[PDB]
Amino acid sequence: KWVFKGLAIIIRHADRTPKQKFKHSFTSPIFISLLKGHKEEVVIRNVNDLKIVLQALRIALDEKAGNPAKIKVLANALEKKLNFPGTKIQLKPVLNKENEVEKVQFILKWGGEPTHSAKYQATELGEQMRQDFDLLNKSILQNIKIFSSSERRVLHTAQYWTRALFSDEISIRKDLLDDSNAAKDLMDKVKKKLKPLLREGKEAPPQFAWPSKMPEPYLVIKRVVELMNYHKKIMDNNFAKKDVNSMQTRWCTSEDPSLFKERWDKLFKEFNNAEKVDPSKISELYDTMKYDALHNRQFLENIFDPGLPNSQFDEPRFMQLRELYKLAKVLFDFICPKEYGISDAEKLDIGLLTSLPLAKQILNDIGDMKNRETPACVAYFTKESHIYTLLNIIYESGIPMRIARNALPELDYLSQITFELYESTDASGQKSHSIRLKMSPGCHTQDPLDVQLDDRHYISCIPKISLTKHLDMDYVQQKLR
Ligand SMILES: [Zn+2]
């Protein structure tokens, strides 16, 4: 009994590669010479300079006086990832009592780029929106307005979505879609509140987005470490016995078995002591699990295959792995939502400091759509943080909800929040108009180890679900402001 009139949709960026960093210190003169005489931190991101550094590793490897083992991994890492935007080196010198550089800290950082699957996710979404729009009212395509944050991965999703939907049509708005240092500090302080939750014997007293079936967070964290120590030994055994270069026929993003080993070697180090697991590193583990389960399932299966008794993770042999996945999901679903505030006031305070501008703009867009007889649509592409915080504003506004905050699925890549505007169709004029809120968790799956994947390593987007029913326009604007 309602005719569509407009949509304000906020969309999260598409799939991206995990951020990764290798750290070690060297004292050999060849390593010190790379500083070019500088006695402070030096950052190298020019591809020309990265090639120069790369050659140094080949020369340093010729001489085993230094640590050749670290040179071997670093050289491959540098050459594979120096071709990627965002790959960088940080050189932190260490000065002795005579202001002489005796050793330099070599930090190689890379990752965080949108995967080759990102274009497909955004492209599919843009086409669907064009399809849906061309069926409701073709004039809406004539009234599309797109914004994006400054981050490359966000604009990347915005660009491909806009191309698929159809002079930069995307208008970068830092004030609305970009992060603020004040709020990120608050999220960090909330992060400091998360450390005790996993330690000692807390029993998630409030909802804390925690499954009732699961034991204490300190018991769950303890079991995960046991599984990690289990699989790392399986990995080592499989490295020692099997041909690792033949465990997967396809490698994307310039990855190879060595870089794969490095990701997990770091994670295994961070997940070898339950009483030391850092809550911020729980989110790190889960992100790597999604990536490999999407882009490196073949290698993942064989490198963690516990062997035969004597093409899928569905075996009692692979039971230790599925439980590890389930336990990681639980911990990720109990930490990440709470990084944006644990208490309603914190969830609210973080909610406003981050998404106060975006919330105002959405109301204005709906105001425009109502006053303008022509339906329209406005899309905002933002990072993951704004989605949670804006969602917090929605819940903390007291608006009647159709779905509980805890019951909401993970806000994965291409997660969407919609403010669909309609008209109240009756037999009397002057329709009262109505607003309906819907959400989509994006390209997310509940069974990463059972989903059938293509060579493109891509997951379809979950359809939107209604957070509310058709609610009075003026009423929805008053609750928010
Ligand atoms: Zn891939």
# chains A, B, ... in the order shown; residues from 1 in each chain; ligands from 1
call {"tool": "residues_near_ligand", "arguments": {"ligand": "ligand 1", "cutoff": "6 Å", "atoms": "only C-alpha atoms and all ligand atoms", "output": "list in words"}}
result
residues 252, 295, 456 and 457 of chain A
call {"tool": "residues_around", "arguments": {"residues": "residue 317 in chain A", "least_positions_apart": "3", "cutoff": "8 Å", "atoms": "only C-alpha atoms", "output": "list in words"}}
result
residues 305, 306, 307 and 320 of chain A
call {"tool": "closest_residue", "arguments": {"among": "A:27, A:83, A:212, A:302", "to": "residue 50 in chain A", "atoms": "only C-alpha atoms"}}
result
A:83
call {"tool": "closest_atom_pairs", "arguments": {"of": "range 416-453 of chain A", "to": "range 7-22 of chain A", "cutoff": "7 Å", "atoms": "only C-alpha atoms", "output": "Markdown table"}}
result
| residue | atom | partner | partner_atom | distance |
| --- | --- | --- | --- | --- |
| A:416 | CA | A:11 | CA | 4.5 |
| A:417 | CA | A:10 | CA | 5.2 |
| A:418 | CA | A:9 | CA | 4.2 |
| A:419 | CA | A:8 | CA | 5.0 |
| A:420 | CA | A:7 | CA | 4.3 |
| A:421 | CA | A:7 | CA | 5.9 |
call {"tool": "write_last_selection", "arguments": {"atoms": "N, CA, C and O atoms", "output": "PDB file, in the first residue's frame"}}
result
ATOM      1  N   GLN A 416      25.243  -2.875   3.473  1.00  0.00           N
ATOM      2  CA  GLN A 416      24.430  -1.749   3.041  1.00  0.00           C
ATOM      3  C   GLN A 416      23.407  -1.385   4.104  1.00  0.00           C
ATOM      4  O   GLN A 416      22.847  -2.262   4.769  1.00  0.00           O
ATOM      5  N   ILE A 417      23.176  -0.084   4.263  1.00  0.00           N
ATOM      6  CA  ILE A 417      22.069   0.444   5.050  1.00  0.00           C
ATOM      7  C   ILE A 417      21.260   1.357   4.144  1.00  0.00           C
ATOM      8  O   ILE A 417      21.821   2.244   3.490  1.00  0.00           O
ATOM      9  N   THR A 418      19.949   1.148   4.113  1.00  0.00           N
ATOM     10  CA  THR A 418      19.065   1.854   3.202  1.00  0.00           C
ATOM     11  C   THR A 418      18.004   2.618   3.977  1.00  0.00           C
ATOM     12  O   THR A 418      17.519   2.155   5.015  1.00  0.00           O
ATOM     13  N   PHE A 419      17.652   3.793   3.463  1.00  0.00           N
ATOM     14  CA  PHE A 419      16.542   4.600   3.965  1.00  0.00           C
ATOM     15  C   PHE A 419      15.595   4.781   2.783  1.00  0.00           C
ATOM     16  O   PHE A 419      15.668   5.776   2.060  1.00  0.00           O
ATOM     17  N   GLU A 420      14.703   3.815   2.590  1.00  0.00           N
ATOM     18  CA  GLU A 420      13.810   3.830   1.442  1.00  0.00           C
ATOM     19  C   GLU A 420      12.598   4.700   1.739  1.00  0.00           C
ATOM     20  O   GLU A 420      11.921   4.512   2.754  1.00  0.00           O
ATOM     21  N   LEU A 421      12.329   5.649   0.852  1.00  0.00           N
ATOM     22  CA  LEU A 421      11.204   6.556   1.003  1.00  0.00           C
ATOM     23  C   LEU A 421      10.053   6.091   0.123  1.00  0.00           C
ATOM     24  O   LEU A 421      10.257   5.672  -1.021  1.00  0.00           O
TER      25      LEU A 421
END
call {"tool": "residues_around", "arguments": {"residues": "residue 269 in chain A", "least_positions_apart": "5", "cutoff": "10 Å", "atoms": "only C-alpha atoms", "output": "JSON, numbers by chain"}}
result
{"A": [225, 228, 229, 232, 264, 277]}
call {"tool": "write_last_selection", "arguments": {"atoms": "C-alpha atoms", "output": "short mmCIF file (atom, residue, chain, number, x, y, z; two decimals), in the first residue's frame"}}
result
data_model
loop_
_atom_site.label_atom_id
_atom_site.label_comp_id
_atom_site.auth_asym_id
_atom_site.auth_seq_id
_atom_site.Cartn_x
_atom_site.Cartn_y
_atom_site.Cartn_z
CA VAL A 225 45.14 -21.32 20.88
CA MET A 228 46.32 -22.92 16.32
CA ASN A 229 49.20 -24.82 17.91
CA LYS A 232 50.88 -25.06 12.85
CA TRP A 264 50.21 -17.98 9.50
CA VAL A 277 45.97 -13.19 22.99
#
call {"tool": "select_by_dssp", "arguments": {"residues": "range 251-361 of chain A", "states": "helix (DSSP H, G or I)", "output": "PyMOL selection string"}}
result
chain A and resi 257-270+274-276+279-295+297-303+316-339+344-361
call {"tool": "write_last_selection", "arguments": {"atoms": "C-alpha atoms", "output": "tab-separated table (two decimals), in the first residue's frame"}}
result
chain	number	residue	atom	x	y	z
A	257	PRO	CA	53.53	-20.68	-0.43
A	258	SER	CA	56.20	-18.57	1.30
A	259	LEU	CA	53.95	-15.55	1.84
A	260	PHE	CA	51.18	-17.93	2.91
A	261	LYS	CA	53.55	-19.42	5.50
A	262	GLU	CA	54.49	-15.94	6.72
A	263	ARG	CA	50.87	-14.91	7.35
A	264	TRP	CA	50.21	-17.98	9.50
A	265	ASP	CA	53.63	-18.05	11.16
A	266	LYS	CA	52.84	-14.58	12.52
A	267	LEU	CA	49.32	-15.60	13.56
A	268	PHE	CA	50.58	-18.79	15.20
A	269	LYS	CA	53.04	-16.67	17.19
A	270	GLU	CA	50.21	-14.37	18.31
A	274	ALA	CA	45.70	-17.88	25.54
A	275	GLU	CA	46.62	-15.58	28.43
A	276	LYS	CA	48.40	-13.28	25.94
A	279	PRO	CA	41.70	-8.73	21.39
A	280	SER	CA	42.77	-6.50	18.50
A	281	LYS	CA	44.64	-9.48	17.04
A	282	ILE	CA	41.49	-11.63	17.17
A	283	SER	CA	40.09	-9.54	14.32
A	284	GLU	CA	43.40	-10.08	12.51
A	285	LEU	CA	43.06	-13.86	12.66
A	286	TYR	CA	39.48	-13.83	11.35
A	287	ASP	CA	40.35	-11.61	8.38
A	288	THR	CA	43.13	-13.94	7.24
A	289	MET	CA	40.79	-16.92	7.58
A	290	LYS	CA	38.23	-15.30	5.28
A	291	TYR	CA	40.87	-14.36	2.69
A	292	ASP	CA	42.47	-17.81	2.43
A	293	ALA	CA	39.06	-19.50	2.54
A	294	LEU	CA	38.23	-17.31	-0.49
A	295	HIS	CA	41.51	-17.10	-2.43
A	297	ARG	CA	41.38	-22.89	-0.29
A	298	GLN	CA	43.39	-25.44	-2.29
A	299	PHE	CA	46.66	-24.65	-0.52
A	300	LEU	CA	44.84	-24.21	2.79
A	301	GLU	CA	43.35	-27.72	2.58
A	302	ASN	CA	46.59	-29.52	1.73
A	303	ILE	CA	48.89	-27.51	4.00
A	316	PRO	CA	36.21	-35.77	10.38
A	317	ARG	CA	39.91	-35.44	9.62
A	318	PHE	CA	39.28	-31.71	9.07
A	319	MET	CA	37.15	-31.37	12.21
A	320	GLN	CA	39.91	-29.58	14.12
A	321	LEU	CA	39.77	-26.91	11.41
A	322	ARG	CA	36.02	-26.27	11.30
A	323	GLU	CA	35.85	-25.88	15.09
A	324	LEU	CA	38.75	-23.43	14.91
A	325	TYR	CA	36.78	-21.47	12.31
A	326	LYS	CA	33.64	-21.48	14.46
A	327	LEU	CA	35.54	-20.38	17.57
A	328	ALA	CA	37.23	-17.55	15.66
A	329	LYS	CA	33.85	-16.38	14.32
A	330	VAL	CA	32.42	-16.26	17.85
A	331	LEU	CA	35.33	-14.21	19.18
A	332	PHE	CA	35.22	-11.88	16.17
A	333	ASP	CA	31.48	-11.36	16.66
A	334	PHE	CA	32.07	-10.51	20.35
A	335	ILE	CA	34.99	-8.08	19.88
A	336	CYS	CA	34.52	-6.15	16.63
A	337	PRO	CA	31.00	-4.85	17.42
A	338	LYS	CA	32.33	-3.72	20.81
A	339	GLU	CA	35.27	-1.84	19.29
A	344	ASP	CA	24.96	2.37	24.94
A	345	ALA	CA	26.55	5.71	25.86
A	346	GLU	CA	29.86	4.58	24.37
A	347	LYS	CA	28.09	3.06	21.37
A	348	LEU	CA	26.23	6.38	21.23
A	349	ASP	CA	29.21	8.69	21.82
A	350	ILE	CA	31.25	6.86	19.19
A	351	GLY	CA	28.13	6.78	17.04
A	352	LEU	CA	27.83	10.57	16.96
A	353	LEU	CA	31.48	11.63	16.79
A	354	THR	CA	31.87	9.46	13.67
A	355	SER	CA	28.55	9.52	11.79
A	356	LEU	CA	26.85	12.73	12.94
A	357	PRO	CA	27.43	14.41	9.53
A	358	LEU	CA	26.36	11.36	7.50
A	359	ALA	CA	23.15	11.03	9.53
A	360	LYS	CA	22.19	14.65	8.84
A	361	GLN	CA	22.82	14.33	5.10
call {"tool": "closest_residue", "arguments": {"among": "A:123, A:99, A:371, A:171", "to": "residue 414 in chain A", "atoms": "only C-alpha atoms"}}
result
A:123
call {"tool": "atom_distance", "arguments": {"atom1": "CA of residue 231 in chain A", "atom2": "CA of residue 215 in chain A"}}
result
22.1 Å
call {"tool": "residues_around", "arguments": {"residues": "residue 159 in chain A", "least_positions_apart": "4", "cutoff": "10 Å", "atoms": "only C-alpha atoms", "output": "PyMOL selection string"}}
result
chain A and resi 119+122-123+126+146-148+153-155+163-165+168-170+381
call {"tool": "write_last_selection", "arguments": {"atoms": "N, CA and C atoms", "output": "PDB file, in the first residue's frame"}}
result
ATOM      1  N   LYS A 119      36.042  -5.901  -7.666  1.00  0.00           N
ATOM      2  CA  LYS A 119      35.370  -5.331  -8.828  1.00  0.00           C
ATOM      3  C   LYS A 119      34.073  -6.069  -9.135  1.00  0.00           C
ATOM      4  N   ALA A 122      31.224  -5.159  -6.444  1.00  0.00           N
ATOM      5  CA  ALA A 122      30.662  -3.841  -6.716  1.00  0.00           C
ATOM      6  C   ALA A 122      29.915  -3.833  -8.043  1.00  0.00           C
ATOM      7  N   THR A 123      30.462  -4.509  -9.055  1.00  0.00           N
ATOM      8  CA  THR A 123      29.821  -4.525 -10.366  1.00  0.00           C
ATOM      9  C   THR A 123      28.462  -5.210 -10.301  1.00  0.00           C
ATOM     10  N   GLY A 126      25.980  -2.875  -8.569  1.00  0.00           N
ATOM     11  CA  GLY A 126      25.539  -1.769  -9.400  1.00  0.00           C
ATOM     12  C   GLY A 126      24.509  -2.191 -10.429  1.00  0.00           C
ATOM     13  N   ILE A 146      26.415  10.228  -5.997  1.00  0.00           N
ATOM     14  CA  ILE A 146      27.348   9.272  -5.413  1.00  0.00           C
ATOM     15  C   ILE A 146      28.439  10.025  -4.667  1.00  0.00           C
ATOM     16  N   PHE A 147      28.771   9.536  -3.471  1.00  0.00           N
ATOM     17  CA  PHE A 147      29.871  10.059  -2.675  1.00  0.00           C
ATOM     18  C   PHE A 147      30.797   8.918  -2.273  1.00  0.00           C
ATOM     19  N   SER A 148      32.027   9.279  -1.912  1.00  0.00           N
ATOM     20  CA  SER A 148      33.019   8.299  -1.498  1.00  0.00           C
ATOM     21  C   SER A 148      34.001   8.953  -0.539  1.00  0.00           C
ATOM     22  N   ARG A 153      40.464   1.940  -1.601  1.00  0.00           N
ATOM     23  CA  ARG A 153      39.570   0.790  -1.682  1.00  0.00           C
ATOM     24  C   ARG A 153      38.108   1.215  -1.670  1.00  0.00           C
ATOM     25  N   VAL A 154      37.783   2.298  -0.961  1.00  0.00           N
ATOM     26  CA  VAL A 154      36.403   2.773  -0.928  1.00  0.00           C
ATOM     27  C   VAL A 154      36.009   3.359  -2.278  1.00  0.00           C
ATOM     28  N   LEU A 155      36.829   4.272  -2.805  1.00  0.00           N
ATOM     29  CA  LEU A 155      36.542   4.836  -4.119  1.00  0.00           C
ATOM     30  C   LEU A 155      36.531   3.743  -5.180  1.00  0.00           C
ATOM     31  N   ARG A 163      29.964   2.491 -12.364  1.00  0.00           N
ATOM     32  CA  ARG A 163      30.050   1.968 -13.723  1.00  0.00           C
ATOM     33  C   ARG A 163      28.958   0.937 -13.975  1.00  0.00           C
ATOM     34  N   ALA A 164      28.805  -0.015 -13.053  1.00  0.00           N
ATOM     35  CA  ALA A 164      27.794  -1.053 -13.220  1.00  0.00           C
ATOM     36  C   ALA A 164      26.391  -0.463 -13.201  1.00  0.00           C
ATOM     37  N   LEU A 165      26.170   0.559 -12.372  1.00  0.00           N
ATOM     38  CA  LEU A 165      24.854   1.183 -12.320  1.00  0.00           C
ATOM     39  C   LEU A 165      24.470   1.753 -13.679  1.00  0.00           C
ATOM     40  N   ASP A 168      33.573  13.759 -12.699  1.00  0.00           N
ATOM     41  CA  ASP A 168      33.506  12.679 -11.722  1.00  0.00           C
ATOM     42  C   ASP A 168      32.124  12.679 -11.080  1.00  0.00           C
ATOM     43  N   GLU A 169      31.352  11.618 -11.322  1.00  0.00           N
ATOM     44  CA  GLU A 169      30.058  11.484 -10.666  1.00  0.00           C
ATOM     45  C   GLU A 169      30.202  11.187  -9.181  1.00  0.00           C
ATOM     46  N   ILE A 170      31.348  10.667  -8.758  1.00  0.00           N
ATOM     47  CA  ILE A 170      31.617  10.402  -7.351  1.00  0.00           C
ATOM     48  C   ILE A 170      32.253  11.646  -6.746  1.00  0.00           C
ATOM     49  N   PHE A 381      29.604   5.688  -0.239  1.00  0.00           N
ATOM     50  CA  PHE A 381      30.571   4.614  -0.048  1.00  0.00           C
ATOM     51  C   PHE A 381      31.525   5.015   1.068  1.00  0.00           C
TER      52      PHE A 381
END
